[PDB]
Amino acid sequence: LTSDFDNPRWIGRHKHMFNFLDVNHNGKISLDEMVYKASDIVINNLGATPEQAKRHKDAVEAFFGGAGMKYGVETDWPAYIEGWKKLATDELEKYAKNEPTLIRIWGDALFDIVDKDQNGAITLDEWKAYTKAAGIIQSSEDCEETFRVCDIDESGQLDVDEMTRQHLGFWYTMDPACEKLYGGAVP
């Protein structure tokens, strides 16, 4: 439940993602681009209903919002990483107080789209469909590493509650137990 913001591997994890989000190498990204990307994936690749898409958009907006990003503002790397320090701090504070995190809220919205059974858990094939559409993982072998790192349930599925815990460790705290969550795709 403690952050590790001076760790070069934390900083570099998020710089990897900044660079991945900055698809046209502008050195800056906007909230507009984030919510476009989000809705493009779920509506155009993953079959989301209109209601599901709007729920998902609201969650992504709130997530990057928590990192300081705003509509009509171009966020460069120094502003992006400083805002990520605020997001991670807020998220860990919520998690410690048993309050829903922004990453959980996003997960619930995403999993309602990706889980054909709408019961809060995804198969490996579903995780492959999501991460390859998003681009955050490219290869099947890296998607398969997720399922090695995560505690998989009795039906072979990845529950949103488990992925949220792994995400806290991976994106917010540098928990060694959560290394390689995205395989080699994200250092």
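The first residue of the sequence shown is number 1, and the count goes up from there. So that the term is clear: the rigid core is the largest set of C-alpha atoms that superpose within 1.5 Å between two forms.
- Of 30-38 and 149-157, the stretch whose C-alpha atoms sit farther from the shown form in 7 other deposited structures of this protein, after fitting on the rigid core, is 149-157.
- According to the PDB record, 174-182 carries the higher mean C-alpha B-factor of the two stretches 174-182 and 15-23.
- Two stretches are in play, 115-123 and 61-69, and the higher mean C-alpha B-factor belongs to 115-123.
- As recorded in the PDB entry, 160 shows the highest C-alpha B-factor of the residues 29, 35, 160, 42.
- In the PDB entry, residue 151 places in the highest third of its chain by CA B-factor.
- Looking at the C-alpha B-factors along this chain, the one for residue 85 belongs to the middle third.
- When the CA B factors of the chain's modelled residues are split into thirds, the value for residue 141 lands in the highest one.
- Residue 103: CA B factor lies in the lowest third for its chain, per the PDB record.
- For residue 109, the recorded CA temperature factor ranks within the lowest third of the chain's modelled residues.
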